[PDB]
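Have a look at the structure below, then the notes.
Every number here is computed from the coordinates shown, using simple stated rules; none is lab data. Every residue, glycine as well, gets a Cβ built from its backbone with ideal geometry; the counts of neighbours run over all protein chains shown.
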Amino acid sequence: XXXXXXXXXXXXXXXXXXXXXXXXXXXXXXXXXXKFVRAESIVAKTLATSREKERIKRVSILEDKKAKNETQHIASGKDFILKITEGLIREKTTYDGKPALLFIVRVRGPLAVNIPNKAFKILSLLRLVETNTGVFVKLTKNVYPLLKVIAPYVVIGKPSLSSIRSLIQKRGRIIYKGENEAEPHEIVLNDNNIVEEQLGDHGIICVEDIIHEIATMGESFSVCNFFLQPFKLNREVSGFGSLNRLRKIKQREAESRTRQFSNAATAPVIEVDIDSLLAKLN
Amino acid sequence: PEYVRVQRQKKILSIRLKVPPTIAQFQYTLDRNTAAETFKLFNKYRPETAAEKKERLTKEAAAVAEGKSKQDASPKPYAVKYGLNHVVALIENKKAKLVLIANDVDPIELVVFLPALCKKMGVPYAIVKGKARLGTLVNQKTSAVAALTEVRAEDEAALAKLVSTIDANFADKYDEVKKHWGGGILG
Amino acid sequence: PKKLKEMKXXXXXXXXXXXXXXXXXXXXXXXXXXXXXXXXXXXXXXXXXXXXXXXXXXXXXXXXXXXXXXXXXXXXXXXXXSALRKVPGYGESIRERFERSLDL
Amino acid sequence: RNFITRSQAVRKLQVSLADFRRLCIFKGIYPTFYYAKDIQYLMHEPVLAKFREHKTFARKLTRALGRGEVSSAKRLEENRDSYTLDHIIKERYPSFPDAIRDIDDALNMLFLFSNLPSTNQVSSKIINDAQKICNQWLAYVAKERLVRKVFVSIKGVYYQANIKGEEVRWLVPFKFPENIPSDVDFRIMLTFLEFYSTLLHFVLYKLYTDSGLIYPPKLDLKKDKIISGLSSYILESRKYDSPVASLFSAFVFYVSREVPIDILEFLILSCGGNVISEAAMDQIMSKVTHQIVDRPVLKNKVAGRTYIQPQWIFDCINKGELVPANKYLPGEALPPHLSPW
RNA sequence: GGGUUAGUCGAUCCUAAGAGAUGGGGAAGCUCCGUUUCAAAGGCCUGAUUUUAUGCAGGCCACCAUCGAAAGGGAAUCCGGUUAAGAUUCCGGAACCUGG
């Protein structure tokens with residue numbers, strides 16, 4: 001029974017040391033040496049900035065023409081929604097003038113791009129930095145012009161309420177004010193009385209109802225955006241090493257199939273089934 | 001051990017003694033980025049493996065077995081060329097647009113004429129570092145030679161600038177010091 | 001090869017599908033240490049639905065947490081069961097599984 | 001000769017030590033002091049051979065990656081044998097009631113992994129197979145509707161099932177996001193997981209074929225999109241024991257959106273009654289008589305519909321019998337439930 | 001023809017002067033040198049070595065085959081009886097040693 005206390009202290013000590021040294025090495029050395037950088041990436045990223053900034057410029061032009069309704073010279077008057085499902089079918093449906101639920105998924109962005117400030121502003125107002133963060137959002141017509149801008153960095157789609165249920169009942173943090181803290185702390189979804197404590201005004205109790213009224217959006221959905229404000233997803237592949245590098249290559253081929261980059265400013269919104277996707281990422 | 005002792009005593013007795021100038025042209029070799037882009041070139045022109053070959057054979061044979069004789073059309077296979085006598089054979093036509101030459105071969109004398117031979121034939125040779133890296137791009141253990149003749153039109157412009165790059169980086173830099181007796185400095 | 005993939009697609013289901021159990025034959029193994037789950041018949045002993053006794057665990061909460069983890073966990077097992085509305089979310093349960101695995 | 005050092009046995013078997021830890025747990029080989037004859041039994045085993053073959057396979061995968069030849073690595077991965085677990089399951093548990101006796105620990109881990117969120121060390125496919133098999137196990141129970149015992153706790157939900165002999169004591173922790181413990185190592189529980197998964201897999205085969213219906217259970221996809229449960233599965237074709245099976249016969253419930261849907265859903269399925277939850281309704285009420293709800297203020301306050309806090313279901317099945325619902329009416333206080341243990 | 005019966009008496013085990021394979025090196029070669037020497041010369045401990053989720057990781061120890069004594073070194077048995085011819089070895093009783 002001595003092995004219990006001994007290895008229990010050892011694993012906690014070595015795990016804290018490993019996490020602290022991993023926190024104190026990664027941002028330290030990559031700014032310490034910081035590199036003998038390269039001569040190629042400095043130019044390829046410059047071309048990638050030219051492309052991405054120009055497509056966001058063309059997006060801003062065409063959306064100002066649609067929004068001010070000074071429209072005489074555009075390609076397409078209405079926007080469109082593309083649907084990638086399974087030699088892979090892509091269904092196109094015209095845009096809906098109706099608010100809806102979406103579960104956006106912050107993807108790792110394309111290869112070597114320095115991203116501008118207009119896209120960074122939209123992503124920062126949507127808390128999508130530090131990728132593998134899919135977050136819930138509202139489809140309207142005024143929130144929609146952001147979706148053309150974030151589309152090369154996120155993926156869009158309709159999730160299922162069973163999958164949304166399993167997301168919320170398995171994952172989720174709450175920034176919380178508690179008994180005695182310095183109070184940057186986040187608790188996972190356990191106490192329904194903590195829920196009704198901060199949400200007794202809106203009358204929101206019993207996180208099953210938070211799932212329900214994220215599904216509903218009839219009374220309050222952005223209150224759930226204030227309360228369940230943080231989100232985290234896992235990295236899908238174990239990564240390095242032979243058995244997982246093949247998996248990385250196959251899934252990069254899958255992502256290169258499923259994501260299409262438009263750069264046309266009449267870019268259709270691309271929806272993928274999040275339901276099979278959360279068999280992977282949750 | 002003995003073999004560790006000998007493999008450490010090897011390359012000491014070489015550099016201690018005067019090497020003839022037809023050797024030490026090797027290790028006066030290609031630098032980092034140019035060899036990197038050369039490998040990026042030749043991985044575009046990997047030869048077909050035995051598995052991929054047999055797989056395409058089974059595909060077309062099942063096609064003819066149904067029959068379902070689809071068409072009779074294929075442009076050509078393009079690949080690197082790697083047989084040593086075949087590499088020499090592609091010279092003295094000339095057909096070799098680029099030749100990579102491994103520095104390390106244990107019978108060095110298999111190789112020693114090839115820089116002078118591509119010199120007189122005007123073939124843009126380059127001495128590459130490591131025959132294992134040649135074997136990797138040609139699905140062998142080692143290859144020690146790498147000739148490349150046929151190139152698609154998508155890649156032909158990259159080929160010419162790579163040739164000019166090598167002739168700038170190899171033929172200009174190392175030509176006079178190629179004539180000099182290397183080594184001789186004790187260990 | 002199309003027929004081969006057709007074969008493999010059926011054989012993947014057919015291999016995992018078939019199974020057979022057999023008849024009564026005991027394994028009289030002296031070295032095998034098969035034990036049932038403890039506290040299986042002690043579920044009324046856990047308070048676990050608005051019951052009184054775990055309030056004593058409120059008195060000995062510092063006594064529980066002051067003890068070793070092998071003594072802390074069983075002592076902190078019973079706790080004040082309020083209602084349906086909250087279940088604290090099972091920090092102890094994974095450690096219990098890992099401890100049982102170490103016992104095996 | 002009776003005791004063998006783990007280093008000695010692991011070098012005689014020429015296996016890696018972590019895979020020796022796999023094999024000991026895997027065959028039930030028990031003690032760094034191990035029986036010589038048990039290692040002699042272990043000395044020839046094809047799963048050991050396929051483990052060593054997998055080591056050489058990963059070595060060939062490393063040379064495939066280091067040579068950069070992707071397609072040969074694809075050929076290696078596709079043309080790859082998989083070690084199965086099934087033969088030592090049958091020669092470990094020949095008698096099927098011994099598998100029924102030892103399914104009890106096998107359920108519990110797989111339910112806990114079905115609760116567990118997706119991580120890096122535990123794949124989602126692992127969790128997918130866990131949740132699938134656990135939903136299958138629950139869906140089989142709701143066929144014969146045969147448990148008898150219910151337990152409500154801060155630690156788990158302990159149900160034992162009266163099926164073909166012993167009552168089997170499986171537990172499900174509530175579907176809450178759990179802080180992962182850094183203290184544990186998954187490398188053992190994954191071996192237990194895979195062993196129990198294959199074992200319970202073939203036991204589900206004999207229980208589905210013995211119950212006379214198809215061992216793969218079909219589900220409507222849109223029913224799964226409503227709720228990922230046992231009720232997702234449809235169960236095909238090719239009495240009930242009194243009173244607990246078909247307790248609350250012809251009985252229509254209205255579970256709220258407030259209640260925990262899962263274990264109450266499973267209890268009503270153990271009763272055979274129907275489930276109507278408004279949480280299922282907003283995905284997109286004639287016969288409903290009873291509301292299971294735990295709320296202080298009830299809005300529409302239908303006198304025809306009976307308002308009940310859920311312990312009534314937890315107490316009726318622990319008795320097997322009906323009790324009055326005045327205590328279970330909100331907001332009346334409840335008897336401190338001490339389950340029959 | 002018959003006769004020599006042992007845990008305890010010896011050999012066996014240890015090393016002595018000395019002999020002598022191996023690693024190596026000489027020699028046209030039969031073979032000669034050399035004996036721990038210019039050798040990768042084995043066998044012990046720990047491991048949820050905590051994540052890469054089906055592949056061994058982290059350490060510890062330090063000289064050397066074998067033969068060579070019925071007088072050197074060395075676990076332990078005595079009395080009495082008995083045979084044509086045997087006995088600290090058989091018979092009767094009484095002891096001890098080693099290993100488990």
Practice task
Find the eigenvalues of the gyration tensor of the Cα atoms of chain A, then list the square roots of 5 times those eigenvalues as equivalent ellipsoid semi-axes, largest first, in whole angstrom.
Solution key: 35, 29, 19
Handout entry: Other protein chain Cβ atoms within 10 Å, averaged over every residue that makes up D:63-73
Key = 5
Completion exercise
Plugging the Cβ-Cβ distance of B:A157 and A:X12 into 1/(1 + (r/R0)^6) at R0 = 60 Å yields, to the nearest 0.05, a FRET efficiency of 0.50
Practice task
Determine the shielding of peptide D:244-257 by partner chains: average, over its residues, the number of Cβ atoms on other chains within 10 angstrom of each Cβ.
Solution key: 1
Exercise for the section: Place a label point 7 angstrom from the Cα of B:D175 along the Cα-to-Cβ direction, then list the residues of the stretch B:122-155 whose backbone nitrogen is under 15 Å away. Expected result: B:122-126
Handout entry: For a label point 7 Å along the Cα-to-beta-carbon line of A:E255, residues of the stretch A:22-49 with backbone N under 12 Å
Key = none
Completion exercise
Total charge of the residues flanking B:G184 in space, meaning their Cβ is under 10 Å from its Cβ, with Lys and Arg +1 and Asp and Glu -1, is +2
Exercise for the section: Mind giving me the FRET efficiency for D:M285 and A:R90? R0 is 41 Å, r the Cβ-Cβ distance, nearest 0.05 is fine. Expected result: 0.50
Practice task
Ignore the peptide's own chain and count Cβ atoms of other chains within 10 Å of each Cβ in A:208-214; give me the average, rounded.
Solution key: 4
Exercise for the section: Would you mind computing Rg(Cα) / (2.2 N^0.38 Å) for the stretch D:125-183, counting N as its residues? Expected result: 1.32
Problem - Full-stretch length increase - B:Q27, B:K68 - with 0.36 nm per residue and alpha-carbon distance subtracted - result: 9.3 nm
Exercise for the section: Among D:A58, D:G68, D:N108, pick out the residue whose Cα is farthest towards the positive end of the charge dipole of the stretch D:29-113, where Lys and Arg carry +1 and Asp and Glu carry -1 on C-beta, about the Cα centre. Expected result: D:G68
Problem - Footprinting exposure proxy for D:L110, D:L190 (fewest neighbouring C-beta atoms within 10 Å first) - result: D:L190, D:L110
Exercise for the section: Go through A:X23, A:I270, A:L128 and say which Cα lies farthest out towards the positive end of the charge dipole of chain A; charges sit on Cβ, +1 for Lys and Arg, -1 for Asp and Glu. Expected result: A:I270
Practice task
Pop the C-beta distance of C:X38 and D:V323 into the FRET formula with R0 = 25 Å and round what comes out to the nearest 0.05.
Solution key: 0.20
Practice task
Using a cut-off of under 18 Å, list every residue of the stretch D:116-132 whose amide N is near the label point 7 Å from the Cα of A:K232 along the Cα-to-beta-carbon line.
Solution key: D:116-124
Fill in the blank from the handout: Between B:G182 and residues 5 or more places away or on another chain, the pairs with built amide H atoms under 5 Å apart involve B:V19
Handout entry: Under-5 Å amide H pairs with B:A146, H placed in peptide plane, nonlocal only
Key = B:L100
Practice task
Name the most mobile residue of B:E48, B:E176, B:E37, meaning the one with the largest mean-square fluctuation, in a Gaussian network model of chain B with Cα contacts below 10 Å.
Solution key: B:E176
Practice task
Kindly put B:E2, D:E91 in sequence by how many other C-beta atoms sit within 10 Å of each C-beta, fewest to most.
Solution key: B:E2, D:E91
Fill in the blank from the handout: per DSSP, antiparallel bridges as share of beta bridges in chain B, % nearest 5, sits at 60
Completion exercise
Expressed in nanometres to one decimal, the distance between label points 7 Å along Cα→Cβ at B:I12 and C:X45 is 7.5
Exercise for the section: Taking just the C-alpha trace of chain B, give me its Rg and Dmax in Å. Expected result: 20.1, 72
Completion exercise
Label model pair D:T56, A:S222: point-to-point distance (7 angstrom along the Cα→beta-carbon line) in nm is 6.5
Problem - Peptide ranges C:58-65, D:144-151, D:174-181, B:65-72 listed from the most packed, as the mean C-beta count within 10 angstrom indicates - result: D:144-151, D:174-181, C:58-65, B:65-72
Completion exercise
For the stretch B:16-120, the Debye formula with one identical point scatterer on each Cα and no solvent gives log10 I(q)/I(0) at q = 0.10, 0.18 Å⁻¹ as -0.48, -1.05
Handout entry: Cβ-based exposure ranking for B:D106, D:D86, in which fewest neighbours within 10 Å come first
Key = B:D106, D:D86
Handout entry: Helix C:92-103 axis, angle to chain C major axis (alpha carbon atoms, nearest 10°)
Key = 60
Handout entry: Point-to-point label distance, A:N263-D:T84, nm (Cα→Cβ direction, 7 Å offset)
Key = 5.2
Practice task
May I have the count of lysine pairs in the stretch B:112-187 with C-alpha atoms under 25 Å apart, counting pairs 8 or more residues apart or located on different chains?
Solution key: 24
Fill in the blank from the handout: Among beta bridges assigned by DSSP with both residues in the protein assembly as shown, the antiparallel ones amount in percent, to the nearest 5, to 65
Problem - Furthest towards positive pole of dipole, D:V244, D:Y158, D:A130, structure part the protein assembly as shown, Cβ charges - result: D:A130
